[PDB]
Amino acid sequence: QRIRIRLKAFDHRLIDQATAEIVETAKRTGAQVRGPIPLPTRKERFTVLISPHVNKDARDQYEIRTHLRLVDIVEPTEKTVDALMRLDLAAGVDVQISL
Amino acid sequence: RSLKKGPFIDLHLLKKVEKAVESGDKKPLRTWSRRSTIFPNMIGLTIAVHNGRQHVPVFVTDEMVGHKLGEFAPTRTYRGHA
Amino acid sequence: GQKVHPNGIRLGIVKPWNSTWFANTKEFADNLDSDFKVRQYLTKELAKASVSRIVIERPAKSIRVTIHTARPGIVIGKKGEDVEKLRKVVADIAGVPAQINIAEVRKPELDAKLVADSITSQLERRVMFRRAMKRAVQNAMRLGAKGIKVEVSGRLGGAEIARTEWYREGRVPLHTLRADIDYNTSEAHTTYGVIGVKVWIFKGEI
Amino acid sequence: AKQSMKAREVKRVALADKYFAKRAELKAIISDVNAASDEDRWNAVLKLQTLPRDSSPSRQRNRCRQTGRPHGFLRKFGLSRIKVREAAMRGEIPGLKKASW
Amino acid sequence: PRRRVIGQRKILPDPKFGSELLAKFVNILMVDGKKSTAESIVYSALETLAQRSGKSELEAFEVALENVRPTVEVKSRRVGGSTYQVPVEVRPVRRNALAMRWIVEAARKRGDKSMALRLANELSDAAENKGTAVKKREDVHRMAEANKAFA
Amino acid sequence: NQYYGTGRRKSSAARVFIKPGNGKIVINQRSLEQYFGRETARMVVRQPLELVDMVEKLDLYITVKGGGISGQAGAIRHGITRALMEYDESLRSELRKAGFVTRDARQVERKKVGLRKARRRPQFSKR
RNA sequence: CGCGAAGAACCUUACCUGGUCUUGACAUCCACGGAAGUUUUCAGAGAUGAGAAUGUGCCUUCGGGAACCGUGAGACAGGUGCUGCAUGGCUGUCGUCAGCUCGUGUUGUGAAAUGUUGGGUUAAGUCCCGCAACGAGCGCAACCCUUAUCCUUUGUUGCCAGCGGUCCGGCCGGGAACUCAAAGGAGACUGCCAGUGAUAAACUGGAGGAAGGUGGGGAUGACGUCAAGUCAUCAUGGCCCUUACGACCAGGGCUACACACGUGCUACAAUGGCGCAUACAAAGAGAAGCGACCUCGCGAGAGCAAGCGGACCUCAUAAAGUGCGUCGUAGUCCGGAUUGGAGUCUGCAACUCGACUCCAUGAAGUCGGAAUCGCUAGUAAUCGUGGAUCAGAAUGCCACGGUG
Ligand SMILES: [K+]
Ligand SMILES: [K+]
Ligand SMILES: [K+]
Ligand SMILES: [K+]
Ligand SMILES: [K+]
Ligand SMILES: [K+]
Ligand SMILES: [K+]
Ligand SMILES: [K+]
Ligand SMILES: [K+]
Ligand SMILES: [Mg+2]
Ligand SMILES: [Mg+2]
Ligand SMILES: [Mg+2]
Ligand SMILES: [Mg+2]
Ligand SMILES: [Mg+2]
Ligand SMILES: [Mg+2]
Ligand SMILES: [Mg+2]
Ligand SMILES: [Mg+2]
Ligand SMILES: [Mg+2]
Ligand SMILES: [Mg+2]
Ligand SMILES: [Mg+2]
Ligand SMILES: [Mg+2]
Ligand SMILES: [Mg+2]
Ligand SMILES: [Mg+2]
Ligand SMILES: [Mg+2]
Ligand SMILES: [Mg+2]
Ligand SMILES: [Mg+2]
Ligand SMILES: [Mg+2]
Ligand SMILES: [Mg+2]
C-alpha cells in the first residue's frame, strides 16, 4: 500500500508552497514522505501573426510553462489519507491522488 | 479512386432511373448529381447533367459505364487567347 | 515605432495575472470563454461603479471573482442587497457556484484604468481635452506618483484631421523591467467618432 | 463576422450532436468486412445520404469564439490569432507570457 | 572589417601524419560538411603519389606544392577613370592557400575516373611542372610582370 | 581507487573513470576501435594521454550518451582531462596549455523568425 | 508577389446560374395558440411543403410564468455594402541607428541659439576633462529569459560506481555515488599585474579562470517619417440598401491558360547511383486522440487489440556516416517529368479538384547571357526529425539535433 500524488501548476513559486505544505502535513501524521521530486516541465510554445493584415515576417512567440512535482507516502495509516482531503491547497495548483 | 467496397450512386437518382426504365424512353432525365457513377441499367437513357448553369444532355451508351456522370459536362468554357 | 505593451512584458516579473486557475487542454478553451463573458457582463453593468480590475479565481470546483472598485458602496449596496444579485447572475453565466469579493483602491488618481475612463467621460461630455489632460496629470502627480504620461488621439475637438497630443510629466522608464508601471487604455465615443486615451503611471522600482 | 455565419455554425453543431455520434453505427458496423455484402451494406450506404447534408462533423469550420473569424484559429484557446494576443497581453490567460530562449 | 583585428581559429593537425598543412588541404577539398569523404580522397591519392614518385609520402606533396606557389599577384585599383593592375607581393600564409586552392580546382576539371586518381595525377605532373595548376601560376606571374611599371 | 570526471560537448555528456593499470579503453561496453569508426575521433580521445604520457598506465572506463560521433569524442576528451586532473593535480598547466581544460561552449544557434536558418535570409529582390 | 490564408472537394465562401423568404437565418417588445423533444411516409436537387405516431415537465400562494415551438403587426433586425484622405486599436519602415527634447539662466529687435560645441575615448549624447551654462527627461547600458562551470537539497517513471543475485536485459535485491531532472545559491567586476595615456577617461598585452572585456543568443524598437497598411478580425463618424446590396439551398467557381515576373524544390552525376550489413541525436505531440505485439497484403494499408492524459505507453528503426559488392563516364544502373492500368485511405461524396502505393513509360536536363543574392563560426553548406492548421490534404511556416 502506497499513495502517489502529483502537483501541476502554472508557476513554480505557487507549487513550492503547496508541496512544502502537503509534505509537512503528512509528516505531522507520523508517516514518512518520499520526495518531493521535480519532474521535467512541459513548455508549450505559440507563434502568432501580430498584424491584422499582411506582414507575415513580424510575429510574436509565447509559452505556457507547466511545473510538476511528485511525492510518495508509503505507510498511509488510517488517519493520513483522509486528512489530506482537507488541505488549503491554492487555486493555481491542482492535485492528483493515486493509490 | 473510391473503394471496391461499393460504388456510389445517390438515392434521388437511383429511384428516378429505376422508375424510368420500364416506362420507356422519354425527355431527358434532369439531374444535379454529377458525382454519381453510371450503372449498366442506365444504358440508352438520356440524362441532362448540370454544369453550373445549364443541363447539357448526354446519351448513355455501353462504354460510359463506371465513369462518374460529371465528366460528360465540362464546367469551364475556353476558346483560345488571340 | 510600435511599443511593446507594458503590462504583459512584465507579467511574471513584477506584475500578477488577472486569472490564476489551472486547466488541461480539454477545458482551457471554455474557462477562457466563461471568463470573457463574466468580465464582459460585470463591466457592462458596473459602468458607474468605477471598477478598475476584475481578477478571477477558479478553485477545485467553484469560481470566485474579486472586484477592485473605488466606490464600493454602489456595488455593495445596502447590507449587500445587489452583490447577491451579482453572485446569482454570475453563477449561471459560469454555470458554477460563485463567490464575489470586493477589494478596494484607496487613491483613484493612481490607477490607470480609473484615470483613463475619467478622461473619456469628460471627453464624451464635450470638455476641452486640454483641460481633462492637464488636470489628470497634476492630480496624479500631487498624490505621489513618480511619473505619469497621458495621451489622447483622434479628431480632437471635432477637427477634420486626427491628431495625437500627449502630456508627460515626471519619470516613466518604460524600458526598465523593474519599474512598476501601471498602464491602461480606454476609448471615448464622440459624435465625431472615437477618441483613444492611454495612461502610464510610474510608482517606483522593484 | 456577419451574424448569419455565426448562426450557421451553431446550427451545424446542434445538428451534428443529435444525429451522429449515435447514428455513426451505420457508417461503421455496416460498412464493415463481413457477409453483409448483400443489401445489408448497400442499404446503409444508401440511407446515409438521406440524412441532412449537415451533422457531418467534417463540416464545422471551427471559428473564433469572440469574433467568428474563420482563419488563424488556435485550438488550445479557441480564439483567433488576433484576440489571443490582445487577451494574452492584458493578462486574461493564466501562465502565458513572452517567451525568449 | 573596418576595425576588427581578427585572430585565428585553431586547426587540428592530421590524424595520420600530424601535418598542419594537410589539415588545410582536407578542409579545402571537403564539401557540404563531409570531412570523412575528403580524408578518404586525400589519403588514397597521397599514397598513390608516394609510390609513383618513389617514396617520401608528404614531402612528395611538398615538392609539387612548391612548384605552384605564387610570389606576386595583381590587385585591381581604379585610378580616376582608368584602372591599373598593381602587382603586390603575396603574404606567406596566403601563398599556401592559393597554391592548394588552384591544385584542387584543377584536380576537378579532369577526365579521370575517381577523385583520388584525378587528384594524384595533378599532384604528380605539378611536381614535374606540368598541369593546369602550374599554368595558373605561370599566367599570374606573366600578368604581374607586364605591370611591373606600376610596382 | 578510481578517479572520476565529467566532460561534455555539443549535446553529449561523458563520464570517465580512470584506474591505475595498463592501457585499456572501454566505451559503452565496447572497445575503442569497435565504437569509433571515425579515425580522427580516436586521435582526439587519445590526445590528452599522449601529451601527459600516461597512455599505457591507466584503465579507462567511459560511459557516453547524447549527440553524435564528433560530439561524443569531444566529450570523452574533456571527461578524460578532468579525471586525469583528479589523478595528479600537478600536471594542470600543460593540459591547460593545449586547450583541453576549456569546455567548448559552442551550441547550434536557434532558428529565428523570418530566416530560413540561423542567419541565412531568403533572397532579396528590388523589383 | 510560399503575403492576409496556421492548410478552397461539400462546408470554408464573401463570387456565378437557378430555385426560394420578407419583422426575417441572429435579438429585444406585444397578442394569440400549442410543454418541449420525438418517429416515420410522400413530393422535391435540396431548401422547403405536406402528412401519420408523439408527449402534457414545475409552483401554483390554482390567474400564469417557466423554457421551447408556431402565427400576426410594427418598433427594428441584417449588410465581408463605400470612405484607412473622417477615426480608434494593431502592424511595417528608416533602425536596435544614437540620437530627440525640456525647465531655469544667459545672448540676439527677431526667427532662434547655448546647453547638445571643443581635446580625447567608447558599441553608445559611453565616460573624463574644458567651457555661460546649471540640471533633468525619453533613448544607450543594467534590471528579464536561455546557454557555458561549480555547489546545496530531493531521488521516480530518471541513473548504476561500489556491492550480491542474473535468463546477460538495471533485469532483481540494493545504492544516492555519477549522468539527469528542477528549485535555491556562487561566478566576471577591466577585479589583479605590466606598459601607454593630459597625475584622467580609457586603451594594448599577461596571469588566473568554464568563461575576459557587451562571454554567445533572445526579448526589449526613443521624438518622429512615409495622409505607409488594415472600414474583410474587431470597434467606429458620415453615406447607402430594406420584396433586398438582407436570408436559405443545390451545382459550379476561386484549381481556367497564348504568355511575363517573384519565391522555392528536384536534377544534370563517380566527393556518385543501386543492394546488403551496421553505429551515434535533440526537441516535441497524444482522448471523437496516440496506437503497440501478433496475423494477412509486394505495398500503401487491413483484422484483433494491450498501454498511455504520459521522464512509465504510442507516434518512432534518425539520415548523412561506416564496411563489403557492383556500376565505369554513357543522356547511362544519372534524371523522374508525363501518360496508361490496377489499388488503399479519409470523407454524405475524391469528374471538375485529394494524398499515398504497385506495375509499366523514361520529357527537358551534360552546371546555366547581361546581371544579381545570402553568409564572419558551431556560421555558410549539407542530412534528417518534430510541431501548428487539420476528417484527409506541405517542396510553405515555426522549431530541433548530426557532420561541419
Ligand atoms: K491607424
Ligand atoms: K532654454
Ligand atoms: K464605418
Ligand atoms: K467547386
Ligand atoms: K525560379
Ligand atoms: K517550392
Ligand atoms: K477531389
Ligand atoms: K534511365
Ligand atoms: K493532418
Ligand atoms: Mg474543415
Ligand atoms: Mg542545422
Ligand atoms: Mg518582399
Ligand atoms: Mg517568406
Ligand atoms: Mg455552396
Ligand atoms: Mg465551395
Ligand atoms: Mg542633436
Ligand atoms: Mg552649437
Ligand atoms: Mg545618456
Ligand atoms: Mg559639455
Ligand atoms: Mg537596453
Ligand atoms: Mg546527492
Ligand atoms: Mg494612403
Ligand atoms: Mg473593401
Ligand atoms: Mg487562390
Ligand atoms: Mg510509429
Ligand atoms: Mg556527363
Ligand atoms: Mg536532399
Ligand atoms: Mg519538417
Side-chain angles (χ1 to χ4, degrees), chain A residues 12 16 35-41 47 50-56 58 70, chain B residues 1-3 8 12 31-35 50-53 68 70-71 74-76 78 80-82, chain C residues 1-4 9 13 24 154-155 160 162 171 175-178 187 189 191-196, chain D residues 1-4 6-7 21 48-49 51 53 56-59 61 67 69-73 80 82 98 100-101, chain E residues 9 31-38 41 113-115, chain F residues 2 4 6 11 13 15 17 37 65-70 72 102-103 105-111 113 118-125:
Chain A
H12 81 279
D16 194 2
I37 300 307
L39 272 296
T41 80
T47 294
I50 62 184
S51 186
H53 206 248
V54 307
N55 308 319
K56 176 77 153 296
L70 178 71
Chain B
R1 296 295 86 193
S2 166
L3 277 301
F8 182 90
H12 65 74
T31 180
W32 282 268
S33 165
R34 315 178 88 262
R35 72 194 183 161
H50 194 201
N51 70 336
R53 44 156 184 189
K68 296 266 181 163
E71 60 195 308
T75 44
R76 312 197 182 92
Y78 174 66
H81 271 290
Chain C
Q2 276 75 243
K3 263 78 72 184
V4 67
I9 194 65
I13 314 180
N24 279 290
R155 280 200 88 157
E160 199 185 295
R171 180 162 178 264
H175 268 69
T176 301
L177 302 160
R178 265 194 285 107
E187 292 178 358
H189 289 271
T191 72
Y192 295 108
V194 58
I195 302 194
Chain D
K2 194 182 275 285
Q3 296 294 321
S4 79
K6 290 174 170 178
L48 197 39
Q49 314 153 18
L51 288 171
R53 197 55 83 75
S56 184
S58 72
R59 263 173 87 111
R61 195 51 176 87
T67 61
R69 196 196 201 256
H71 281 298
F73 184 78
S80 75
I82 299 289
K98 287 203 60 94
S100 54
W101 78 96
Chain E
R9 58 188 76 258
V31 73
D32 294 331
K34 302 168 91 71
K35 181 63 66 68
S36 297
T37 310
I41 292 294
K113 286 315 190 48
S114 67
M115 188 44 194
Chain F
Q2 60 196 350
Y4 171 75
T6 298
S11 182
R15 59 180 204 174
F17 295 92
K65 67 170 65 177
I69 52 174
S70 305
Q72 295 185 318
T102 297
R103 185 253 186 256
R106 291 193 296 270
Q107 301 282 323
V108 288
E109 307 185 352
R110 62 174 291 269
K111 189 199 168 296
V113 182
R119 289 169 195 222
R120 165 86 171 110
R121 317 181 84 100
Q123 288 185 1
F124 155 74
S125 163

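Chain letters run A, B, ... following the sequence lines, proteins first and then strands; every chain starts at 1.
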Which nucleotide in the set [options] lies at the smallest distance from any side-chain heavy atom of [X]?
{"X": "F/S11", "options": "G/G402, G/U146, G/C159", "answer": "G/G402"}
{"X": "C/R155", "options": "G/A399, G/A86, G/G378", "answer": "G/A86"}
{"X": "E/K34", "options": "G/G401, G/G251, G/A320", "answer": "G/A320"}
{"X": "D/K98", "options": "G/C353, G/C398, G/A219", "answer": "G/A219"}
{"X": "D/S100", "options": "G/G218, G/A399, G/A86", "answer": "G/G218"}

Given [N], is OP1 or OP2 found less than 4.0 Å from the side-chain N or O atoms of [X]?
{"X": "C/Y192", "N": "G/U236", "result": "no"}
{"X": "E/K113", "N": "G/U329", "result": "yes"}
{"X": "D/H71", "N": "G/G7", "result": "yes"}
{"X": "C/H175", "N": "G/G139", "result": "yes"}
{"X": "D/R69", "N": "G/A5", "result": "yes"}
{"X": "F/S70", "N": "G/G404", "result": "yes"}
{"X": "D/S58", "N": "G/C11", "result": "no"}

### Query
Parallel, tilted or perpendicular: which describes the rings of F/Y4 and F/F17, with under 30° parallel and over 60° perpendicular?
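Ring orientation, 0 to 90° scale: tilted.
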
For atom [atom1] of [X] and atom [atom2] of [N], their distance in whole Å:
{"X": "C/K3", "N": "G/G224", "atom1": "NZ", "atom2": "P", "answer": "8 Å"}
{"X": "F/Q123", "N": "G/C261", "atom1": "CD", "atom2": "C1'", "answer": "14 Å"}
{"X": "D/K2", "N": "G/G78", "atom1": "NZ", "atom2": "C1'", "answer": "8 Å"}
{"X": "B/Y78", "N": "G/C259", "atom1": "OH", "atom2": "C1'", "answer": "10 Å"}
{"X": "F/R110", "N": "G/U147", "atom1": "CZ", "atom2": "P", "answer": "13 Å"}
{"X": "C/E187", "N": "G/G89", "atom1": "CD", "atom2": "P", "answer": "7 Å"}
{"X": "F/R119", "N": "G/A381", "atom1": "CZ", "atom2": "P", "answer": "13 Å"}
{"X": "A/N55", "N": "G/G92", "atom1": "CG", "atom2": "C1'", "answer": "4 Å"}

Please indicate whether [M] is base-paired to [N] in either the Watson-Crick or the G-U wobble sense, using a 3.5 Å limit on both distances.
{"N": "G/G88", "M": "G/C234", "answer": "yes"}
{"N": "G/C290", "M": "G/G155", "answer": "no"}
{"N": "G/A43", "M": "G/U48", "answer": "yes"}
{"N": "G/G387", "M": "G/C397", "answer": "yes"}
{"N": "G/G246", "M": "G/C21", "answer": "yes"}
{"N": "G/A311", "M": "G/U344", "answer": "no"}
{"N": "G/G301", "M": "G/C296", "answer": "yes"}
{"N": "G/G384", "M": "G/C178", "answer": "no"}
{"N": "G/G118", "M": "G/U220", "answer": "no"}
{"N": "G/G286", "M": "G/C313", "answer": "yes"}

Anti or syn - [N], cut at 90° from 0:
{"N": "G/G284", "answer": "anti"}
{"N": "G/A27", "answer": "anti"}
{"N": "G/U199", "answer": "syn"}
{"N": "G/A363", "answer": "syn"}
{"N": "G/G33", "answer": "anti"}

Taking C1'-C2'-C3'-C4' positive as north and negative as south, where does [N] sit?
{"N": "G/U106", "value": "north"}
{"N": "G/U233", "value": "north"}
{"N": "G/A181", "value": "north"}

### Task
Considering only atom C1', compute the distance from G/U278 to G/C315 and round it to an integer number of Å.
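My reading of the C1' atoms in G/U278 and G/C315 gives 25 Å.
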
### Query
Taking atom P in both G/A198 and G/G130, what distance in whole Å separates the two?
16 Å

Let's test your reading of the model: under 3.5 Å, does the base of [N] pair with the side chain of [X] as donor and acceptor?
{"X": "F/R120", "N": "G/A380", "answer": "no"}
{"X": "D/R61", "N": "G/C11", "answer": "no"}
{"X": "C/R178", "N": "G/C143", "answer": "no"}
{"X": "A/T41", "N": "G/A181", "answer": "no"}

### Query
For A/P52, which contact category applies under a 4.0 Å heavy-atom criterion: base, sugar-phosphate, or nothing?
base

### Task
Indicate yes or no: at least one non-hydrogen side-chain atom of D/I82 is less than 4.5 angstrom from one of A/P52.
yes

Would a distance-only check, ignoring hydrogens and angles, find a side-chain to backbone donor-acceptor pair under 3.5 Å from [X] to [Y]?
{"X": "B/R34", "Y": "B/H50", "result": "yes"}
{"X": "F/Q72", "Y": "F/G66", "result": "yes"}
{"X": "C/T176", "Y": "C/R178", "result": "no"}

#### Entry: Ion pair check, F/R119 and F/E109, cut-off under 4.0 Å
yes

### Query
So with a 6.0 Å cut-off around CZ of F/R120, is the heavy-atom count from everything else above 12?
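Yes, CZ of F/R120 has more than 12 neighbouring heavy atoms, counting only those of other groups under 6.0 Å.
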
### Query
Starting at the 5' end of RNA chain G, which residue's closest nucleotide do you reach first, C/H189 or F/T6?
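Going by which nucleotide is closer to the 5' end, it is F/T6.
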
### Query
Does a side chain donor of either D/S56 or D/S58 reach within less than 3.5 Å of an acceptor in the other side chain?
yes

#### Entry: B/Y78/B/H81 aromatic ring centres below 6.0 Å
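Yes, the ring centres sit under 6.0 Å apart.
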
